[PDB]
Amino acid sequence: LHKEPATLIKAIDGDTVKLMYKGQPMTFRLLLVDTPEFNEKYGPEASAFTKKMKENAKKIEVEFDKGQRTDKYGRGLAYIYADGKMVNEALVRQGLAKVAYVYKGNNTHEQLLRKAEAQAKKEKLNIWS
Ligand SMILES: Cc1cn([C@H]2C[C@H](OP(=O)(O)O)[C@@H](COP(=O)(O)O)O2)c(=O)[nH]c1=O
Ligand SMILES: [Ca+2]
């Protein structure tokens, strides 16, 4: 897997974001996670966590996995990093997302994330409280 540059266009919610990638605007959906919807419990907290993490980053990177890079809605599917720190993992580690949508061949960081979720749940963080 390889990290590639991108720039924030606009935060959207917990697990989607509008980025410019290879010079083109594109909505990205974070791999391997599910945050609550904005109108659901912890949904505004997820949105807020992702917004700050990206808006504060001096450097955003996109990391595609081995399989599908685009979902059926045209959303880019990637691991997203903010100053070298993975947003997907950080959401899970804070109990602001569940590990989810783990499809064969786009699952490189599954075990890293499941270990974050385990710790989140142990600490009864947020969704696990
Ligand atoms: C995260 C992810 C979602 N999607 C699809 C599955 C779900 O389809 P349906 O819309 O038919 O339920 C939807 C979940 O996205 P959201 O969690 O953003 O709704 O996106 C993928 O196809 N691949 C993925 O890696
Ligand atoms: Ca969601």
# chains A, B, ... in the order shown; residues from 1 in each chain; ligands from 1
call {"tool": "residues_near_ligand", "arguments": {"ligand": "ligand 2", "cutoff": "8 Å", "atoms": "only C-alpha atoms and all ligand atoms", "output": "PyMOL selection string"}}
result
chain A and resi 14-16+33-37
call {"tool": "closest_atom_pairs", "arguments": {"of": "stretch 31-101 of chain A", "to": "stretch 107-128 of chain A", "cutoff": "9 Å", "atoms": "only C-alpha atoms", "output": "JSON lines"}}
result
{"residue": "A:31", "atom": "CA", "partner": "A:107", "partner_atom": "CA", "distance": 8.1}
{"residue": "A:32", "atom": "CA", "partner": "A:110", "partner_atom": "CA", "distance": 6.8}
{"residue": "A:33", "atom": "CA", "partner": "A:113", "partner_atom": "CA", "distance": 8.6}
{"residue": "A:36", "atom": "CA", "partner": "A:127", "partner_atom": "CA", "distance": 9.0}
{"residue": "A:41", "atom": "CA", "partner": "A:127", "partner_atom": "CA", "distance": 8.1}
{"residue": "A:42", "atom": "CA", "partner": "A:127", "partner_atom": "CA", "distance": 6.8}
{"residue": "A:65", "atom": "CA", "partner": "A:108", "partner_atom": "CA", "distance": 6.6}
{"residue": "A:66", "atom": "CA", "partner": "A:108", "partner_atom": "CA", "distance": 7.8}
{"residue": "A:67", "atom": "CA", "partner": "A:107", "partner_atom": "CA", "distance": 8.7}
{"residue": "A:79", "atom": "CA", "partner": "A:109", "partner_atom": "CA", "distance": 8.6}
{"residue": "A:88", "atom": "CA", "partner": "A:113", "partner_atom": "CA", "distance": 7.8}
{"residue": "A:89", "atom": "CA", "partner": "A:113", "partner_atom": "CA", "distance": 5.5}
{"residue": "A:90", "atom": "CA", "partner": "A:116", "partner_atom": "CA", "distance": 8.0}
{"residue": "A:91", "atom": "CA", "partner": "A:116", "partner_atom": "CA", "distance": 9.0}
{"residue": "A:92", "atom": "CA", "partner": "A:117", "partner_atom": "CA", "distance": 5.4}
{"residue": "A:93", "atom": "CA", "partner": "A:116", "partner_atom": "CA", "distance": 4.5}
{"residue": "A:94", "atom": "CA", "partner": "A:120", "partner_atom": "CA", "distance": 5.8}
{"residue": "A:95", "atom": "CA", "partner": "A:125", "partner_atom": "CA", "distance": 5.0}
{"residue": "A:96", "atom": "CA", "partner": "A:127", "partner_atom": "CA", "distance": 6.1}
{"residue": "A:97", "atom": "CA", "partner": "A:127", "partner_atom": "CA", "distance": 7.6}
{"residue": "A:98", "atom": "CA", "partner": "A:117", "partner_atom": "CA", "distance": 7.0}
{"residue": "A:99", "atom": "CA", "partner": "A:114", "partner_atom": "CA", "distance": 6.5}
call {"tool": "write_last_selection", "arguments": {"atoms": "N, CA and C atoms", "output": "PDB file, in the first residue's frame"}}
result
ATOM      1  N   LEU A  31     -12.505   3.471   4.532  1.00  0.00           N
ATOM      2  CA  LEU A  31     -12.594   1.994   4.517  1.00  0.00           C
ATOM      3  C   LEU A  31     -12.764   1.459   5.911  1.00  0.00           C
ATOM      4  N   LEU A  32     -13.504   0.350   6.033  1.00  0.00           N
ATOM      5  CA  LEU A  32     -13.510  -0.534   7.223  1.00  0.00           C
ATOM      6  C   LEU A  32     -14.218   0.037   8.429  1.00  0.00           C
ATOM      7  N   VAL A  33     -14.878   1.180   8.254  1.00  0.00           N
ATOM      8  CA  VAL A  33     -15.578   1.802   9.388  1.00  0.00           C
ATOM      9  C   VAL A  33     -17.023   2.196   9.128  1.00  0.00           C
ATOM     10  N   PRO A  36     -21.888   6.779  13.235  1.00  0.00           N
ATOM     11  CA  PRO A  36     -23.341   7.037  13.246  1.00  0.00           C
ATOM     12  C   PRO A  36     -23.672   8.183  12.302  1.00  0.00           C
ATOM     13  N   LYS A  41     -27.219   9.127  17.558  1.00  0.00           N
ATOM     14  CA  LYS A  41     -26.374   9.274  18.747  1.00  0.00           C
ATOM     15  C   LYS A  41     -24.863   9.103  18.453  1.00  0.00           C
ATOM     16  N   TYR A  42     -24.057  10.053  18.929  1.00  0.00           N
ATOM     17  CA  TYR A  42     -22.615  10.136  18.599  1.00  0.00           C
ATOM     18  C   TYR A  42     -22.299  10.548  17.174  1.00  0.00           C
ATOM     19  N   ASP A  65      -6.532   0.500  -0.895  1.00  0.00           N
ATOM     20  CA  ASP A  65      -6.188  -0.868  -0.558  1.00  0.00           C
ATOM     21  C   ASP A  65      -5.983  -1.611  -1.885  1.00  0.00           C
ATOM     22  N   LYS A  66      -6.008  -2.939  -1.827  1.00  0.00           N
ATOM     23  CA  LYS A  66      -5.692  -3.785  -2.993  1.00  0.00           C
ATOM     24  C   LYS A  66      -6.838  -3.941  -3.990  1.00  0.00           C
ATOM     25  N   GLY A  67      -8.072  -3.756  -3.519  1.00  0.00           N
ATOM     26  CA  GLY A  67      -9.263  -3.995  -4.320  1.00  0.00           C
ATOM     27  C   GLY A  67      -9.919  -2.739  -4.870  1.00  0.00           C
ATOM     28  N   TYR A  79      -8.052   4.537   3.093  1.00  0.00           N
ATOM     29  CA  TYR A  79      -7.558   4.922   4.369  1.00  0.00           C
ATOM     30  C   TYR A  79      -7.045   6.364   4.280  1.00  0.00           C
ATOM     31  N   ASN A  88      -9.213   6.637   9.991  1.00  0.00           N
ATOM     32  CA  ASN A  88     -10.091   5.479  10.200  1.00  0.00           C
ATOM     33  C   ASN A  88      -9.828   4.831  11.581  1.00  0.00           C
ATOM     34  N   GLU A  89      -8.552   4.642  11.900  1.00  0.00           N
ATOM     35  CA  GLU A  89      -8.161   3.992  13.144  1.00  0.00           C
ATOM     36  C   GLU A  89      -8.523   4.885  14.329  1.00  0.00           C
ATOM     37  N   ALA A  90      -8.233   6.168  14.199  1.00  0.00           N
ATOM     38  CA  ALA A  90      -8.514   7.116  15.253  1.00  0.00           C
ATOM     39  C   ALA A  90     -10.006   7.167  15.584  1.00  0.00           C
ATOM     40  N   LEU A  91     -10.869   7.122  14.580  1.00  0.00           N
ATOM     41  CA  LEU A  91     -12.316   7.029  14.855  1.00  0.00           C
ATOM     42  C   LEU A  91     -12.666   5.823  15.684  1.00  0.00           C
ATOM     43  N   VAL A  92     -12.127   4.675  15.297  1.00  0.00           N
ATOM     44  CA  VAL A  92     -12.458   3.402  15.956  1.00  0.00           C
ATOM     45  C   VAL A  92     -11.895   3.403  17.389  1.00  0.00           C
ATOM     46  N   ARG A  93     -10.664   3.891  17.523  1.00  0.00           N
ATOM     47  CA  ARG A  93      -9.961   3.875  18.818  1.00  0.00           C
ATOM     48  C   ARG A  93     -10.701   4.748  19.843  1.00  0.00           C
ATOM     49  N   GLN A  94     -11.407   5.754  19.353  1.00  0.00           N
ATOM     50  CA  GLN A  94     -12.161   6.649  20.235  1.00  0.00           C
ATOM     51  C   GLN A  94     -13.611   6.210  20.453  1.00  0.00           C
ATOM     52  N   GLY A  95     -13.992   5.068  19.892  1.00  0.00           N
ATOM     53  CA  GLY A  95     -15.379   4.611  20.002  1.00  0.00           C
ATOM     54  C   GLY A  95     -16.375   5.452  19.205  1.00  0.00           C
ATOM     55  N   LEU A  96     -15.900   6.096  18.157  1.00  0.00           N
ATOM     56  CA  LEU A  96     -16.757   6.976  17.364  1.00  0.00           C
ATOM     57  C   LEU A  96     -17.154   6.320  16.027  1.00  0.00           C
ATOM     58  N   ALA A  97     -16.596   5.133  15.798  1.00  0.00           N
ATOM     59  CA  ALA A  97     -16.960   4.271  14.675  1.00  0.00           C
ATOM     60  C   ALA A  97     -16.870   2.809  15.092  1.00  0.00           C
ATOM     61  N   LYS A  98     -17.662   1.965  14.440  1.00  0.00           N
ATOM     62  CA  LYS A  98     -17.517   0.491  14.523  1.00  0.00           C
ATOM     63  C   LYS A  98     -16.718   0.010  13.318  1.00  0.00           C
ATOM     64  N   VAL A  99     -15.924  -1.042  13.489  1.00  0.00           N
ATOM     65  CA  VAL A  99     -15.371  -1.761  12.333  1.00  0.00           C
ATOM     66  C   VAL A  99     -16.532  -2.387  11.552  1.00  0.00           C
TER      67      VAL A  99
END
call {"tool": "closest_residue", "arguments": {"among": "A:62, A:19, A:30, A:6", "to": "ligand 1", "atoms": "only C-alpha atoms and all ligand atoms"}}
result
A:30
call {"tool": "residues_around", "arguments": {"residues": "stretch 26-28 of chain A", "least_positions_apart": "3", "cutoff": "10 Å", "atoms": "only C-alpha atoms", "output": "list in words"}}
result
residues 9, 10, 11, 12, 15, 16, 17, 18, 19, 20, 21, 22, 23, 31, 62, 69, 70, 71, 73, 74, 75, 76, 77, 78, 79 and 80 of chain A
call {"tool": "write_last_selection", "arguments": {"atoms": "N, CA, C and O atoms", "output": "mmCIF file, in the first residue's frame"}}
result
data_model
loop_
_atom_site.group_PDB
_atom_site.id
_atom_site.type_symbol
_atom_site.label_atom_id
_atom_site.label_comp_id
_atom_site.auth_asym_id
_atom_site.auth_seq_id
_atom_site.Cartn_x
_atom_site.Cartn_y
_atom_site.Cartn_z
ATOM 1 N N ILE A 9 -11.041 19.484 0.699
ATOM 2 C CA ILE A 9 -11.984 20.493 0.175
ATOM 3 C C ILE A 9 -13.011 20.860 1.233
ATOM 4 O O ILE A 9 -13.191 22.047 1.561
ATOM 5 N N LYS A 10 -13.637 19.844 1.827
ATOM 6 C CA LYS A 10 -14.615 20.093 2.879
ATOM 7 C C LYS A 10 -14.872 18.817 3.667
ATOM 8 O O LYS A 10 -15.075 17.750 3.084
ATOM 9 N N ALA A 11 -14.885 18.950 4.986
ATOM 10 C CA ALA A 11 -15.363 17.907 5.870
ATOM 11 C C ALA A 11 -16.820 17.675 5.536
ATOM 12 O O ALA A 11 -17.527 18.609 5.131
ATOM 13 N N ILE A 12 -17.272 16.429 5.644
ATOM 14 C CA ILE A 12 -18.672 16.138 5.380
ATOM 15 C C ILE A 12 -19.317 15.522 6.608
ATOM 16 O O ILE A 12 -20.197 16.117 7.183
ATOM 17 N N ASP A 15 -17.476 9.704 8.327
ATOM 18 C CA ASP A 15 -16.716 8.724 7.546
ATOM 19 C C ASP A 15 -16.784 9.032 6.050
ATOM 20 O O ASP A 15 -16.330 8.228 5.246
ATOM 21 N N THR A 16 -17.266 10.242 5.702
ATOM 22 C CA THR A 16 -17.058 10.801 4.372
ATOM 23 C C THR A 16 -16.429 12.219 4.388
ATOM 24 O O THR A 16 -16.631 13.011 5.320
ATOM 25 N N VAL A 17 -15.704 12.543 3.328
ATOM 26 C CA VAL A 17 -15.034 13.834 3.229
ATOM 27 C C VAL A 17 -14.828 14.189 1.743
ATOM 28 O O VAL A 17 -14.664 13.305 0.890
ATOM 29 N N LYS A 18 -14.878 15.480 1.415
ATOM 30 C CA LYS A 18 -14.609 15.893 0.054
ATOM 31 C C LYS A 18 -13.153 16.332 -0.043
ATOM 32 O O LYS A 18 -12.723 17.233 0.682
ATOM 33 N N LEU A 19 -12.384 15.645 -0.884
ATOM 34 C CA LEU A 19 -10.962 15.903 -1.033
ATOM 35 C C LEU A 19 -10.671 16.182 -2.484
ATOM 36 O O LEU A 19 -11.413 15.732 -3.373
ATOM 37 N N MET A 20 -9.566 16.878 -2.728
ATOM 38 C CA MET A 20 -9.037 16.942 -4.077
ATOM 39 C C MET A 20 -7.925 15.938 -4.215
ATOM 40 O O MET A 20 -6.939 16.026 -3.496
ATOM 41 N N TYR A 21 -8.076 15.018 -5.170
ATOM 42 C CA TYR A 21 -7.155 13.898 -5.383
ATOM 43 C C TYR A 21 -6.787 13.845 -6.878
ATOM 44 O O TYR A 21 -7.663 13.956 -7.758
ATOM 45 N N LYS A 22 -5.481 13.810 -7.158
ATOM 46 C CA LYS A 22 -5.003 13.984 -8.533
ATOM 47 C C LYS A 22 -5.672 15.167 -9.228
ATOM 48 O O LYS A 22 -6.037 15.081 -10.396
ATOM 49 N N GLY A 23 -5.876 16.260 -8.499
ATOM 50 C CA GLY A 23 -6.428 17.482 -9.115
ATOM 51 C C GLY A 23 -7.937 17.542 -9.336
ATOM 52 O O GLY A 23 -8.444 18.498 -9.945
ATOM 53 N N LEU A 31 -12.505 3.471 4.532
ATOM 54 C CA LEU A 31 -12.594 1.994 4.517
ATOM 55 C C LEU A 31 -12.764 1.459 5.911
ATOM 56 O O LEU A 31 -12.262 2.073 6.867
ATOM 57 N N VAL A 62 -4.111 10.001 0.965
ATOM 58 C CA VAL A 62 -5.056 8.949 0.606
ATOM 59 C C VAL A 62 -4.302 7.622 0.384
ATOM 60 O O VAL A 62 -3.243 7.615 -0.259
ATOM 61 N N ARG A 69 -11.407 0.726 -5.639
ATOM 62 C CA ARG A 69 -11.028 2.059 -5.234
ATOM 63 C C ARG A 69 -12.203 3.036 -5.230
ATOM 64 O O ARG A 69 -12.087 4.133 -4.687
ATOM 65 N N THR A 70 -13.313 2.611 -5.838
ATOM 66 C CA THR A 70 -14.521 3.410 -5.992
ATOM 67 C C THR A 70 -15.701 2.525 -5.640
ATOM 68 O O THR A 70 -15.734 1.365 -6.064
ATOM 69 N N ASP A 71 -16.626 3.026 -4.814
ATOM 70 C CA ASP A 71 -17.843 2.273 -4.533
ATOM 71 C C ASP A 71 -18.988 2.567 -5.521
ATOM 72 O O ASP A 71 -18.822 3.336 -6.462
ATOM 73 N N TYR A 73 -21.604 4.292 -5.417
ATOM 74 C CA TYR A 73 -22.013 5.689 -5.490
ATOM 75 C C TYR A 73 -20.923 6.617 -6.060
ATOM 76 O O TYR A 73 -21.048 7.854 -5.996
ATOM 77 N N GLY A 74 -19.838 6.043 -6.568
ATOM 78 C CA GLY A 74 -18.755 6.864 -7.084
ATOM 79 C C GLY A 74 -17.825 7.409 -6.006
ATOM 80 O O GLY A 74 -16.966 8.236 -6.299
ATOM 81 N N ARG A 75 -18.017 7.005 -4.748
ATOM 82 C CA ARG A 75 -17.131 7.475 -3.658
ATOM 83 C C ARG A 75 -15.809 6.721 -3.689
ATOM 84 O O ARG A 75 -15.781 5.477 -3.874
ATOM 85 N N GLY A 76 -14.703 7.471 -3.566
ATOM 86 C CA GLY A 76 -13.369 6.860 -3.376
ATOM 87 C C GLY A 76 -13.338 6.064 -2.074
ATOM 88 O O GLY A 76 -13.923 6.485 -1.070
ATOM 89 N N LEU A 77 -12.696 4.899 -2.093
ATOM 90 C CA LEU A 77 -12.579 4.087 -0.894
ATOM 91 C C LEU A 77 -11.114 4.006 -0.495
ATOM 92 O O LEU A 77 -10.302 3.435 -1.229
ATOM 93 N N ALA A 78 -10.802 4.531 0.693
ATOM 94 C CA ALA A 78 -9.438 4.664 1.151
ATOM 95 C C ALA A 78 -9.291 4.767 2.661
ATOM 96 O O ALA A 78 -10.233 5.066 3.393
ATOM 97 N N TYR A 79 -8.052 4.537 3.093
ATOM 98 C CA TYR A 79 -7.558 4.922 4.369
ATOM 99 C C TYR A 79 -7.045 6.364 4.280
ATOM 100 O O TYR A 79 -6.282 6.719 3.384
ATOM 101 N N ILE A 80 -7.517 7.221 5.186
ATOM 102 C CA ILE A 80 -7.183 8.627 5.071
ATOM 103 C C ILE A 80 -6.309 8.997 6.266
ATOM 104 O O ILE A 80 -6.621 8.639 7.403
#
call {"tool": "atom_distance", "arguments": {"atom1": "atom CA of residue A:57", "atom2": "atom CA of residue A:81"}}
result
8.9 Å
call {"tool": "select_by_dssp", "arguments": {"residues": "stretch 20-111 of chain A", "states": "helix (DSSP H, G or I)", "output": "PyMOL selection string"}}
result
chain A and resi 43-55+87-93+110-111
